[PDB]
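Novice: The structure is given below, and queries will be raised subsequently.
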Amino acid sequence: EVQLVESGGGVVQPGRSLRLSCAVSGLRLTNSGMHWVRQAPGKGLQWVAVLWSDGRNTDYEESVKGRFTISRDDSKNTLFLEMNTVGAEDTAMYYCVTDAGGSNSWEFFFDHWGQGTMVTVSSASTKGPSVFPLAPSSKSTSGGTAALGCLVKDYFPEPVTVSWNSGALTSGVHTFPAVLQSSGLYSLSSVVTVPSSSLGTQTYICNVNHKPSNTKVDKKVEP
Amino acid sequence: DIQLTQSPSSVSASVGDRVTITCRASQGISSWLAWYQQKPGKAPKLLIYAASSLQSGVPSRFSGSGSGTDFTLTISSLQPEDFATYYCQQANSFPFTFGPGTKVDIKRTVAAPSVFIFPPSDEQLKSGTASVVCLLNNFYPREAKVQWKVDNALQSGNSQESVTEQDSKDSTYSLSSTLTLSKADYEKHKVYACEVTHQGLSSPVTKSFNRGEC
Amino acid sequence: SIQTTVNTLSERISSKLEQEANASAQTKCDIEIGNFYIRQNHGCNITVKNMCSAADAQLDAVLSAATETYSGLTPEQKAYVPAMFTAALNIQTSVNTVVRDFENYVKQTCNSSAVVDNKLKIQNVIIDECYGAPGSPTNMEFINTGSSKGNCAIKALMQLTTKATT
């Protein structure tokens with residue numbers, strides 16, 4: 001079967017450069033047109049660029065023309081996207097794909113897709129989150145159940161993992177997708193509903209792990 | 001460029017439902033149109049090419065039709081594994097463009113959000129900022145509207161919102177909305193309120209608190 | 001088969017681009033052809049050649065060599081041209097109306113905003129289909145008049161050419 005395996009993704013500063021690679025097994029590039037397709041977080045798919053079977057002719061979406069270069073190394077059957085003048089608009093999951101057409105045809109639809117490689121373009125420096133209680137109260141309680149949680153604010157970059165009581169609490173936990181604030185830092189919340197009675201019998205602690213900063217915070221959330 | 005629009009923007013179905021999604025192109029593109037399926041966290045996968053040709057391996061319950069500007073993708077009997085977002089794509093001319101997507105979710109009985117609000121912590125305020133958080137918990141369907149109001153003024157441009165994925169156990173959704181304001185500006189208003197509109201609710205519900213309330 | 005006509009076509013196109021449009025391979029090309037996409041190539045080597053100038057004579061010039069080239073065709077050959085008008089351009093036409101219908105097709109199609117008012121000095125071409133003789137590959141040339149307008153007529157003429165090889 002055709003396997004496409006991307007690498008090269010990461011965090012990168014605006015204006016600087018990066019190279020994505022797509023290793024291809026099951027098919028020779030000399031026998032296939034190839035493309036890159038990107039997907040910004042939360043958005044749709046956008047076509048980026050196409051390399052011909054001959055390894056040399058190319059075309060680009062207008063927005064990236066001049067800044068990106070699509071090429072390959074036959075010796076290694078590997079496709080590449082060279083991104084040179086990255087702006088924060090280039091933040092996206094980058095998917096390497098095959099044109100269904102071969103050395104004598106074009107189809108312009110994409111029958112094989114790689115697993116994806118994420119490029120985040122930002123001016124932020126790495127930063128651990130600071131973790132704020134979402135305290136249970138009368139405003140967060142309905143009959144038996146109280147809701148409570150943690151606001152995980154101002155961290156960079158994704159991701160953060162969150163558990164409750166070292167993973168002993170799993171039922172009724174909702175840990176939401178992060179949002180990207182106008183500050184350039186992410187923020188997210190993790191909430192849990194528990195029996196309102198347990199508020200004096202069980203302490204609740206959210207365990208926040210931010211590997212890029214080597215940060216682990218255990219925040220006790222009290223009434 | 002060729003604009004592709006898709007209808008409905010979302011759709012909810014039970015296992016076994018017939019489901020049909022539409023794609024309309026801003027210009028004629030003959031049969032140069034494909035459909036892809038995508039699931040959370042995963043690469044798109046091709047289902048249909050040349051408008052009506054099923055990609056090999058794809059289950060037989062998928063089909064497409066049309067030519068010109070208007071196209072259809074039908075799932076004759078939706079299966080648990082078909083719950084995903086679907087994109088159409090034109091192959092007529094550069095740049096190759098995609099439609100915006102059409103999410104297909106698991107139908108469930110309507111369930112109104114449990115609405116809760118959380119004032120900013122003292123620890124946060126010490127740092128000079130205030131985050132007020134409104135939680136809509138365990139509701140169905142996904143369509144929901146949160147409006148922040150400060151001193152009964154509708155408060156736009158200063159909140160952000162995240163929704164979980166559909167729950168695997170009970171097929172419900174939850175939603176976190178955060179209002180962020182200067183601590184300085186937080187102390188110049190009295191009443192903070194989250195107003196929630198949802199089909200499960202007879203009338204919009206409001207949860208609020210006063211700054212300086214225990 | 002079709003090769004002669006294409007070459008003969010191409011030559012009159014360049015011969016008349018010089019004699020009338022006053023162009024030269026050495027002339028600066030305002031617009032240049034970027035890539036030539038054939039969706040199904042089964043024997044065609046298509047090369048681009050620059051005879052750039054400065055458009056209505058380009059258009060008027062390309063019309064001349066087409067008309068003259070169609071006229072040269074044997075009447076029993078020329079009967080094939082209407083079928084390829086329908087297939088390549090979705091134009092309804094007949095032997096006696098070829099020259100007029102094509103004329104107005106290019107006049108109407110190529111004098112449209114989309115053409116004159118387009119901001120790309122490197123323009124691509126997409127062709128559905130092209131066949132070549134087993135052992136004998138159809139070899140064709142895309143004369144870059146140098147303007148959107150002129151290239152439109154070149155394109156229309158190329159869509160008819162490639163359509164013929166079916």
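If you're wondering about the labels, chains in the structure tokens are A, B, ... by order shown, residues count from 1 in each chain, ligands from 1 in order shown.
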Would you give me, as a ChimeraX atom specification, the residues of chain B that come within 6 Å of chain A, using only C-alpha atoms?

Specialist: /B:43,46,91,95-96,100,116-117,162,164

Novice: Can you list every residue of chain C that has an atom at most 10 Å from chain B, with its nearest atom pair and the distance in Å to one decimal, using only C-alpha atoms, ordered by chain then number, as CSV?

Specialist:
```
residue,atom,partner,partner_atom,distance
C:124,CA,B:94,CA,9.1
C:125,CA,B:93,CA,9.5
C:126,CA,B:93,CA,7.8
```

Novice: Pull C-alpha atoms from the residues just selected and write them as an mmCIF file, in the first residue's frame.

Specialist:
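Writing done, so here's result.cif:
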```cif
data_model
loop_
_atom_site.group_PDB
_atom_site.id
_atom_site.type_symbol
_atom_site.label_atom_id
_atom_site.label_comp_id
_atom_site.auth_asym_id
_atom_site.auth_seq_id
_atom_site.Cartn_x
_atom_site.Cartn_y
_atom_site.Cartn_z
ATOM 1 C CA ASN C 124 -0.766 28.040 -17.485
ATOM 2 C CA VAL C 125 -2.745 25.972 -19.962
ATOM 3 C CA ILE C 126 -4.881 22.897 -19.184
#
```

Novice: Of the candidates C:29, C:106, C:152, C:44, which one gets nearest to chain A if we count only C-alpha atoms?

Specialist: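 When distances to chain A are compared using only C-alpha atoms, the smallest one comes from C:44.
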
Novice: Would you work out the distance separating CA of residue 169 in chain A from CA of residue 130 in chain B, expressed in Å to one decimal?

Specialist: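 Between these atoms lies a distance of 28.0 Å.
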
Novice: Looking only at strand (DSSP E) from DSSP on the backbone, list the matching residues of range 24-133 of chain C as an NGL selection string.

Specialist: :C and (32-42 or 44-50 or 122-131)

Novice: Select all residues from chain C having any atom no more than 6 Å from an atom of chain A (counting only C-alpha atoms, ignoring ligands), output as number ranges by chain.

Specialist: C: 39-41

Novice: Put those residues in a file: N, CA, C and O atoms, as a PDB file, in the first residue's frame.

Specialist:
```
ATOM      1  N   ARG C  39      -4.397  16.594 -19.214  1.00  0.00           N
ATOM      2  CA  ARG C  39      -4.984  15.645 -18.269  1.00  0.00           C
ATOM      3  C   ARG C  39      -4.728  14.190 -18.684  1.00  0.00           C
ATOM      4  O   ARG C  39      -4.456  13.337 -17.835  1.00  0.00           O
ATOM      5  N   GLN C  40      -4.816  13.917 -19.984  1.00  0.00           N
ATOM      6  CA  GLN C  40      -4.530  12.569 -20.527  1.00  0.00           C
ATOM      7  C   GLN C  40      -3.625  12.679 -21.764  1.00  0.00           C
ATOM      8  O   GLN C  40      -4.143  12.893 -22.849  1.00  0.00           O
ATOM      9  N   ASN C  41      -2.318  12.533 -21.583  1.00  0.00           N
ATOM     10  CA  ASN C  41      -1.364  12.575 -22.710  1.00  0.00           C
ATOM     11  C   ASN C  41      -1.112  11.157 -23.212  1.00  0.00           C
ATOM     12  O   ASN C  41      -0.709  10.307 -22.418  1.00  0.00           O
TER      13      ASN C  41
END
```

Novice: So that I can check the secondary structure, give me every residue of range 11-213 of chain B assigned alpha helix (DSSP H) by backbone DSSP, as a PyMOL selection string.

Specialist: chain B and resi 122-126+183-186

Novice: Export N, CA and C atoms of the chosen residues as an mmCIF file, in the first residue's frame?

Specialist:
```cif
data_model
loop_
_atom_site.group_PDB
_atom_site.id
_atom_site.type_symbol
_atom_site.label_atom_id
_atom_site.label_comp_id
_atom_site.auth_asym_id
_atom_site.auth_seq_id
_atom_site.Cartn_x
_atom_site.Cartn_y
_atom_site.Cartn_z
ATOM 1 N N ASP B 122 -9.068 35.060 43.065
ATOM 2 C CA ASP B 122 -8.232 36.098 43.661
ATOM 3 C C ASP B 122 -6.798 35.990 43.159
ATOM 4 N N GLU B 123 -6.298 34.765 42.986
ATOM 5 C CA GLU B 123 -4.946 34.610 42.463
ATOM 6 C C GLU B 123 -4.796 35.281 41.098
ATOM 7 N N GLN B 124 -5.753 35.078 40.188
ATOM 8 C CA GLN B 124 -5.644 35.741 38.884
ATOM 9 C C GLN B 124 -5.673 37.259 39.042
ATOM 10 N N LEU B 125 -6.653 37.777 39.781
ATOM 11 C CA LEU B 125 -6.805 39.231 39.854
ATOM 12 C C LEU B 125 -5.545 39.895 40.398
ATOM 13 N N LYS B 126 -4.880 39.268 41.370
ATOM 14 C CA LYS B 126 -3.613 39.806 41.855
ATOM 15 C C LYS B 126 -2.668 40.101 40.703
ATOM 16 N N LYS B 183 -8.169 43.713 34.951
ATOM 17 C CA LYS B 183 -8.669 43.853 36.310
ATOM 18 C C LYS B 183 -9.168 45.269 36.539
ATOM 19 N N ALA B 184 -8.414 46.257 36.049
ATOM 20 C CA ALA B 184 -8.845 47.644 36.174
ATOM 21 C C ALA B 184 -10.267 47.824 35.653
ATOM 22 N N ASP B 185 -10.555 47.288 34.462
ATOM 23 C CA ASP B 185 -11.907 47.436 33.932
ATOM 24 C C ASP B 185 -12.894 46.517 34.641
ATOM 25 N N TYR B 186 -12.415 45.428 35.235
ATOM 26 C CA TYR B 186 -13.335 44.516 35.913
ATOM 27 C C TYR B 186 -13.963 45.180 37.136
#
```

Novice: Applying 12 Å and only C-alpha atoms, which residues near residue 17 in chain A remain after dropping the ones on its own chain fewer than 3 positions away? List them as a PyMOL selection string.

Specialist: chain A and resi 8-14+20+67-69+81-87+90+119+121

Novice: I need the chosen residues saved as an mmCIF file, in the first residue's frame, with N, CA and C atoms.

Specialist:
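Done, and the output landed in again-v9.cif:
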```cif
data_model
loop_
_atom_site.group_PDB
_atom_site.id
_atom_site.type_symbol
_atom_site.label_atom_id
_atom_site.label_comp_id
_atom_site.auth_asym_id
_atom_site.auth_seq_id
_atom_site.Cartn_x
_atom_site.Cartn_y
_atom_site.Cartn_z
ATOM 1 N N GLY A 8 9.420 17.188 9.845
ATOM 2 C CA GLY A 8 9.913 18.543 9.728
ATOM 3 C C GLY A 8 9.055 19.582 10.406
ATOM 4 N N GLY A 9 7.866 19.231 10.891
ATOM 5 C CA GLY A 9 7.018 20.213 11.547
ATOM 6 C C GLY A 9 7.603 20.693 12.867
ATOM 7 N N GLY A 10 7.067 21.800 13.366
ATOM 8 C CA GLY A 10 7.541 22.345 14.622
ATOM 9 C C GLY A 10 7.115 23.788 14.812
ATOM 10 N N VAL A 11 7.659 24.382 15.861
ATOM 11 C CA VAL A 11 7.456 25.792 16.148
ATOM 12 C C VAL A 11 8.542 26.569 15.429
ATOM 13 N N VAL A 12 8.152 27.664 14.778
ATOM 14 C CA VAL A 12 9.076 28.487 14.017
ATOM 15 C C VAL A 12 8.672 29.950 14.140
ATOM 16 N N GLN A 13 9.688 30.845 14.136
ATOM 17 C CA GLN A 13 9.507 32.288 14.244
ATOM 18 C C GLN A 13 9.128 32.895 12.898
ATOM 19 N N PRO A 14 8.310 33.953 12.900
ATOM 20 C CA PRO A 14 7.988 34.643 11.645
ATOM 21 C C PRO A 14 9.230 35.098 10.894
ATOM 22 N N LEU A 20 9.874 20.825 5.281
ATOM 23 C CA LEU A 20 9.088 19.631 5.540
ATOM 24 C C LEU A 20 9.512 18.533 4.581
ATOM 25 N N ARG A 67 7.618 32.228 -1.632
ATOM 26 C CA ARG A 67 8.125 31.868 -0.321
ATOM 27 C C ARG A 67 8.351 30.374 -0.146
ATOM 28 N N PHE A 68 7.553 29.551 -0.808
ATOM 29 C CA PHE A 68 7.615 28.107 -0.683
ATOM 30 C C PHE A 68 8.260 27.527 -1.931
ATOM 31 N N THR A 69 8.973 26.412 -1.767
ATOM 32 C CA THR A 69 9.558 25.671 -2.883
ATOM 33 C C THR A 69 9.261 24.187 -2.722
ATOM 34 N N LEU A 81 8.853 20.342 1.102
ATOM 35 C CA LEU A 81 8.291 21.699 0.969
ATOM 36 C C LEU A 81 9.232 22.617 1.733
ATOM 37 N N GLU A 82 9.838 23.537 1.019
ATOM 38 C CA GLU A 82 10.757 24.494 1.646
ATOM 39 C C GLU A 82 9.968 25.774 1.890
ATOM 40 N N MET A 83 9.809 26.145 3.144
ATOM 41 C CA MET A 83 9.039 27.345 3.499
ATOM 42 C C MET A 83 10.061 28.355 3.975
ATOM 43 N N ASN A 84 10.151 29.487 3.294
ATOM 44 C CA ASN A 84 11.247 30.432 3.603
ATOM 45 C C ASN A 84 10.807 31.709 4.340
ATOM 46 N N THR A 85 9.658 32.288 4.069
ATOM 47 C CA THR A 85 9.330 33.565 4.709
ATOM 48 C C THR A 85 8.018 33.411 5.475
ATOM 49 N N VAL A 86 8.057 32.585 6.513
ATOM 50 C CA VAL A 86 6.833 32.178 7.175
ATOM 51 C C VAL A 86 6.239 33.346 7.959
ATOM 52 N N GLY A 87 4.931 33.553 7.789
ATOM 53 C CA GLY A 87 4.153 34.397 8.672
ATOM 54 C C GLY A 87 3.161 33.551 9.454
ATOM 55 N N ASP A 90 0.765 31.031 8.157
ATOM 56 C CA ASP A 90 1.178 29.738 7.648
ATOM 57 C C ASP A 90 1.013 28.627 8.667
ATOM 58 N N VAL A 119 2.866 22.713 11.612
ATOM 59 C CA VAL A 119 3.754 23.869 11.676
ATOM 60 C C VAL A 119 3.017 24.981 12.396
ATOM 61 N N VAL A 121 3.624 28.839 13.548
ATOM 62 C CA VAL A 121 4.452 30.016 13.339
ATOM 63 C C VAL A 121 4.018 31.088 14.334
#
```

Novice: Do a neighbour search on range 13-17 of chain B at 8 Å with only C-alpha atoms, toss out local chain neighbours closer than 3 positions, and write the hits as a ChimeraX atom specification.

Specialist: /B:76-80,104-107

Novice: If we count only C-alpha atoms, what is near residue 31 in chain B at a cut-off of 7 Å, once residues fewer than 4 positions away on the same chain are taken out, given as a PyMOL selection string?

Specialist: chain B and resi 50-51+67-68

Novice: Near residue 197 in chain B, within 9 Å and counting only C-alpha atoms, which residues show up once chain neighbours fewer than 6 positions away are dropped, as a PyMOL selection string?

Specialist: chain B and resi 144-147+203-205

Novice: Which residues come within 12 Å of residue 185 in chain A, counting only C-alpha atoms, excluding same-chain residues fewer than 4 positions away, as number ranges by chain?

Specialist: A: 122-130, 152-159, 178-181

Novice: Looking at only C-alpha atoms, which of B:113, B:101, B:141, B:157 is the one that sits closest to residue 37 in chain B?

Specialist: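 Nearest candidate to residue 37 in chain B out of B:113, B:101, B:141, B:157: B:101.
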